[PDB]
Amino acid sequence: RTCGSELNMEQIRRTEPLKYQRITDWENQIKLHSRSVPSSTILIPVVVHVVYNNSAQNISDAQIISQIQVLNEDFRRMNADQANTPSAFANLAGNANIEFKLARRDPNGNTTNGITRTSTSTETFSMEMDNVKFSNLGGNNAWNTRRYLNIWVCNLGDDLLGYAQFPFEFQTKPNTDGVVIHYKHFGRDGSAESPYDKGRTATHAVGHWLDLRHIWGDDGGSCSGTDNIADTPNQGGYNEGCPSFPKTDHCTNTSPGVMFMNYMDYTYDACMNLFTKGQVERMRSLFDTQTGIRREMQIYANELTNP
């Protein structure tokens, strides 16, 4: 598994002090136990931009709808494989109470099914250029990122499964906010290629878009980086595949060990089955009705997701 949304804090501090200051300011300013975090289901209008250079990349509506279903299961703890969560970690599992719905009104007020399809001469898209997010670079412009979650689906290449933009970048880069997913790994079963065939590449990416970091701290394997979530055990490097429970490492060397089945690890889709309650608090805090960076998304979410 490969994702382009690392936050290697040691590297950022050494090379980009303004970015480092923005992240530390971000972490100092989060108020998880605020009275103005909504208690109700948070509704997210989604628009999926299919950007395709061949027929394989022009994935079906059924395939896209299955991804929306997977997001609703994972973000509402309605995933059947929650039965796989070790009992030692089950008391920490969270229900984000976030719902996703394809948009039914586009930004100019036209009716839509929430899926855009754009043909392109670009053979492979680059995370560095973010070219998939711009019509003039062969991709497709984002839809008002204060009101829609944009999910681009394209050919990212054999190595990258997806990438997201973090919320601390929203103020400086609002037009590229959203998530990009490799077309081979979008939706559940169907055209999705094993072992990333259960729609978890988007769950993981959407977690980044909702302020979560890789559980091991993007620190090359050390015990020094953090994901800023206390209820995710300190972890060395990423886990891949599907380890056996319990897996201990040099950072958490006692049972129940590391939470390799967390969506924010790098394990196979079928190996993942939970967010924690700490991760859920972080995600929902973005919708704080007083200071939540994504609070405007709830104002017209109902109108934008009704035909």
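Start at 1 and count along the sequence shown; that's the residue number.
Comparing the deposited coordinates for 217 to 225 and 143 to 151, the stretch with the larger average C-alpha B-factor is 217 to 225. Per-stretch averaging of Cα B factors for 21 to 29 and 284 to 292 places 21 to 29 on top. Based on the entry's C-alpha B-factors, the most elevated value among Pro233, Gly199, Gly114, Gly109 belongs to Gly109. Across the options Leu137, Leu210, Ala192, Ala164, the residue with the most elevated CA B-factor in the record is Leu137. Residue-level temperature factors show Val37 in the highest third of its chain, judged at the C-alpha atom. Annotation for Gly278: CA B-factor lies in the middle third of the chain's modelled residues. Placement of the Cα temperature factor of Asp130 within the chain: highest third of the modelled residues, per the deposited record.
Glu99: CA B factor in the middle third of modelled residues in this chain (values from the PDB entry). When the modelled residues of the chain are ordered by their C-alpha B factor, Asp61 lands in the middle third.
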